[PDB]
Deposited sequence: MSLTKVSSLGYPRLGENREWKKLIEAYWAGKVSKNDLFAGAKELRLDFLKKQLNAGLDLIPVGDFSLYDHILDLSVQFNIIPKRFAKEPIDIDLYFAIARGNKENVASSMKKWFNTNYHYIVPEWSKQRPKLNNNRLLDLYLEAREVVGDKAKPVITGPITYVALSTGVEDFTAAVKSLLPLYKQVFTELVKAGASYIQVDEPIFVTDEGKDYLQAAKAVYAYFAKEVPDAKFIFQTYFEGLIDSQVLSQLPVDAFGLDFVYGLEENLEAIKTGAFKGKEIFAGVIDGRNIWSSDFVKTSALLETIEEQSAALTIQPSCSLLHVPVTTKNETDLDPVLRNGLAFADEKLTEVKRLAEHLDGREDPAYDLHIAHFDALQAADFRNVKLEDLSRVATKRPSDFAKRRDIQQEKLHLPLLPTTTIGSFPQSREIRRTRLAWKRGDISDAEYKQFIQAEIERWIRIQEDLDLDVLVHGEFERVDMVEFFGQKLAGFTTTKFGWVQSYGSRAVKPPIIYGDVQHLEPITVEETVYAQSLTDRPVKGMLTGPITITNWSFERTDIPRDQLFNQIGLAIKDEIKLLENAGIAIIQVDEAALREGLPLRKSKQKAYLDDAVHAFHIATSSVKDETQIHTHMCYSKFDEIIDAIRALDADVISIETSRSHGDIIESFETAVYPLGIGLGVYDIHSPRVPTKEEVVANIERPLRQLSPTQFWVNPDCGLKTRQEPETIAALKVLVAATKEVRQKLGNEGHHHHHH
């Protein structure tokens, strides 16, 4: 009798029908009737998949035409001031999300530590009120398909306000929303709702410690106002903060993440603090694509059941964070595919975990373990890699000594100018790329940049480009995951031991270098970004994976250096998403990244300059780690200076760029700086780009003069 559930489901559809539908609507090629009709068709198909998988409580409410937080902003009347005069309908919804002819769109931010982005609410002087019956309509629609199995879901008020901007008083804002949620819940109960999922993930974060009292007040309010609702205080992405305190909230059930919050939540459980509450145990990884370790998971569930009043099994977080199904992934090896589980396969896993716990006899249980075991015994997870005790983890000469040697060989001027790597964008294709590479080499020479790059025109993704040629990686045909709005990504999968077996970037880099006398940089991607953007294995620890990747990078760097490349750069763009949520776990992560960086870059000659670019904001908390890297230069102790916002079609002026470059020279010796644009340039336009790079050179040459 162990119930099975889920927090949410992807919106894309098996073939990204959702993406095509809303984009077509925006392009004026799909009418409102067909937009809503096509969306309804998708919703009914999703409900049926969850019904057929055996779920007892099927989530309803997370489907959206863009973002679930934006849904609440329109529903609760938290509409940006500039949009206040627009009729409240689907066109306003999209205007806020994408902007229109007269107003810019609302900004987006990462959803906790995932690769999903939500639309940030902009509070002003507007008074909250319900502008529609969004959730009630979805619930009643769901009931027709699944009956009493329908479980309304919604993001809670505390989390909603915490993820907003423009709020001067937190408690006031939360309070103003309570009556709206009250009505929403009351109407759902009247329509037949029992269990209601209220997402409050802010309570797995460090920031959450400031809202413990708000939770007590808010949920005590809901409990008294809506007595018949069985609220599930839903959390995910880490352990429940202050479990002893929050365990006494007046709710019938708590959703705890046992995949990303195992140690912490298991401790809370063992204290008996939840002996009188129902636990919705997230035991299936809702953010990765590996079939579950049933023996491990079932043992955990027995422990959870013995320490709770009741238990419901579900994934760790909404399935919104993984692709739809392995069903049509025909190019994959059978041993691998049988060990994979996307959204639809995870619905099946939860059902089977509950059947096993209840003593039901199901052949699929042990068969699942058999396939899992086959994957673990696979030859591709038992590859003999290079012996790390024979790989340098520290360069033979310190920075000071390397600085001079490199200066004598490169003879670079004061405040050298360069770019980050990308520009705007069988034999036929290669010569097409080379022609473009040369065209931009001349463009760079004509602008007089000191250190050049080939453009990365042959690359569409800084991670897929490497995964394509590395052993241990594979790509899927349809494994798409929504990133933001109608944009989706198809992450590569690191399924086995990573190994470098062939040159990846040598050809184009050497080609570019053969066309100029100026030094040309090599361009590689680091382990932080490769692991974060990819669906990494979960059968080996993080440090082992980072190190394998470090070894592969080292191998590529050896090929570049042998080919005569004097400068090699290691790119890291995902530190913001990779750094653990919890402050207390960040040092261990950084330590692993630093070690892998040493493995990758400690085997070069002293004359070879090692650069690293890290898209980040505040290095104050991670300064000792940056130093530990011992990189000759790091674009943002040699340090590169970004002074051109590449994320905007705006062309800077000499007067502005000159200020940007001079500010940092106020302290440290000017003999450690370089000048270049911020993270990337691939999303820019040629005219704007070239004109902007021209002002950069002129501005720098002027500062040298000074």
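| According to the record, which stretches of the deposited sequence lack C-alpha coordinates? | Absent from the structure are positions 1 to 2, 428 to 444, 656 to 674, 745 to 755.
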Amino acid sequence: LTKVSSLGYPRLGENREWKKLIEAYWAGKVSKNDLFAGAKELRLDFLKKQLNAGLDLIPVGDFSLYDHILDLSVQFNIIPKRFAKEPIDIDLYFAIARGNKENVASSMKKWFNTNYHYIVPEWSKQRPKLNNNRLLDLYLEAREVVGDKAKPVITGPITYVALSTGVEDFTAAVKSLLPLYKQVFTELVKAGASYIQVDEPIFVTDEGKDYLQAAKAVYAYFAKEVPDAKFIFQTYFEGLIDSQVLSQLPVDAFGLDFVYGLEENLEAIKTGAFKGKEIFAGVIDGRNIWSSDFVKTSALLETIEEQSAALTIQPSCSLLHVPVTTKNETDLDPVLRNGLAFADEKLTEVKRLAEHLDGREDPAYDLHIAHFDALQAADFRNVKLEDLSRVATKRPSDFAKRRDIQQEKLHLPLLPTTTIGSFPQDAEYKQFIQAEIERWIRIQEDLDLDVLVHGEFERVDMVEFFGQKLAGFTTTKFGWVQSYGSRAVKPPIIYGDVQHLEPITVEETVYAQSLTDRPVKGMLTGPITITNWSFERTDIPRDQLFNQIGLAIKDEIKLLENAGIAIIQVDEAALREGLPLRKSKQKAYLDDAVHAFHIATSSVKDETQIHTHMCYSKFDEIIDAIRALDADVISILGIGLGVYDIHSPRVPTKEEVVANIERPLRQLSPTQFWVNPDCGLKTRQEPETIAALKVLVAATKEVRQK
From here on, numbers count along this sequence of modelled residues.
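If you average the Cα B factors in the entry, which is higher, 352 to 360 or 401 to 409?
Averaging CA B-factors over each stretch, the winner is 401 to 409.
- Out of 129 to 137 and 460 to 468, which stretch has the higher average CA B-factor listed in the record? So the stretch with the higher mean C-alpha B-factor is 460 to 468.
- Between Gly38, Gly638, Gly28, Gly54, which one tops the list for C-alpha B-factor in the PDB entry? Out of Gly38, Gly638, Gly28, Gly54, the record gives the largest C-alpha B-factor to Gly638.
- Tell me which of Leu42, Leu65, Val658, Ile58 tops the list for C-alpha B factor in the record. The listed residue with the largest C-alpha B-factor is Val658.
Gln50 CA temperature factor, ranked by third within the chain: Ranked within chain, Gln50 CA B lands in the lowest tercile.
request  = Within this chain's modelled residues, let me know which third the CA B factor of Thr700 belongs to: lowest, middle or highest.
outcome  = Highest third.
Please say which third, lowest, middle or highest, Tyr221 falls into when its CA temperature factor is compared across its chain.
Its C-alpha B-factor, which the entry lists for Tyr221, ranks in the middle third among residues of this chain.
Splitting the chain's C-alpha B-factors into thirds, which one does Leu415 fall into? Ranked within chain, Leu415 CA B lands in the highest tercile.
Query - Chain thirds of CA B-factor: placement of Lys175 - result: Answer is middle: the recorded C-alpha B-factor places it there.
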